[PDB]
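Q: First the structure, which I've put down as structure tokens, then a few questions once you've had a look.
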Amino acid sequence: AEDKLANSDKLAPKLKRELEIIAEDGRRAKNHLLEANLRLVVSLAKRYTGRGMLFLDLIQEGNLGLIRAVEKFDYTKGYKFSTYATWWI
DNA sequence: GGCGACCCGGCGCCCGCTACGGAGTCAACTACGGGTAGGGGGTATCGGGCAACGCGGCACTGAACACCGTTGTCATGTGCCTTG
């Protein structure tokens, strides 16, 4: 939807708003996924705590890795998101 | 419903200096791609060492004059002897 909106060719206004709405719903689902995986990322932050970096800082950096991973994740892989994410985390 | 205790946090300090011990720390991986950094190779540019000239002090050139200084020199003046 956002790809089609990004193109310069003219689209109908109602169709453009529908595409924007679908992209917004995708954004909402993205944040749903991130909040779901917050627990995994804090677990992996535990896994590297106590090495001179504050635990919440490690959590935040892992969260950066998490947003990267979701930005690079899709169902085309026949695996759960948990297995794929942990590498990027 | 402001007083009221009380409660609680929250804070704030807690004589002076010397002099007086040591120390030192548990949890991935690899692939790429660039960029720099070093290496030697070679090259234009700057710096240090010798030959030709110029001075400069003095030095010789004494040669040619000068400065006293000396014994050359002397035509011309005292002293004794002979004659008016």
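In the working numbering, the protein residues as written are 708 to 796.
The C-beta atom is built at its ideal place from N, Cα and C for all residues, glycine as well.
DSSP three-state call for residue 708: helix, strand or coil?
A: What you label residue 708 is simply residue 1 of the first sequence in a count that begins at 1. Coil.
Q: Among 730, 764 and 747, whose alpha-carbon lies nearest the alpha-carbon of residue 792?
A: Stepping through the first sequence from its first residue, residue 792 is reached at position 85. That would be 747, whose Cα lies nearest to the Cα of residue 792.
Q: Using alpha carbons as the reference points, say which of 759, 752 and 784 lies closest to residue 771.
A: Working through the first sequence from its first residue, we reach residue 771 at position 64. Out of 759, 752 and 784, 752 has the C-alpha closest to the C-alpha of residue 771.
Q: Using the three-state DSSP reduction, which class does residue 759 fall into: helix, strand or coil?
A: On the first sequence, residue 759 is found 52 positions in, with the first residue counted as 1. Coil at residue 759, not helix or strand.
Q: When the distance is taken between beta carbons, is residue 773 closer than 8 Å to residue 744?
A: Here residue 744 refers to the residue found at position 37 of the first sequence. Here residue 773 refers to the residue found at position 66 of the first sequence. Yes, the pair counts as a contact, with Cβ atoms nearer than the cut-off.
Q: Measure the alpha-carbon distance for residue 787 versus residue 733 and round it to whole angstroms.
A: Counting from 1 along the first sequence, the entry for residue 787 is found at position 80. Counting from 1 along the first sequence, the entry for residue 733 is found at position 26. In a straight line, the C-alpha of residue 787 is about 19 Å away from that of residue 733.
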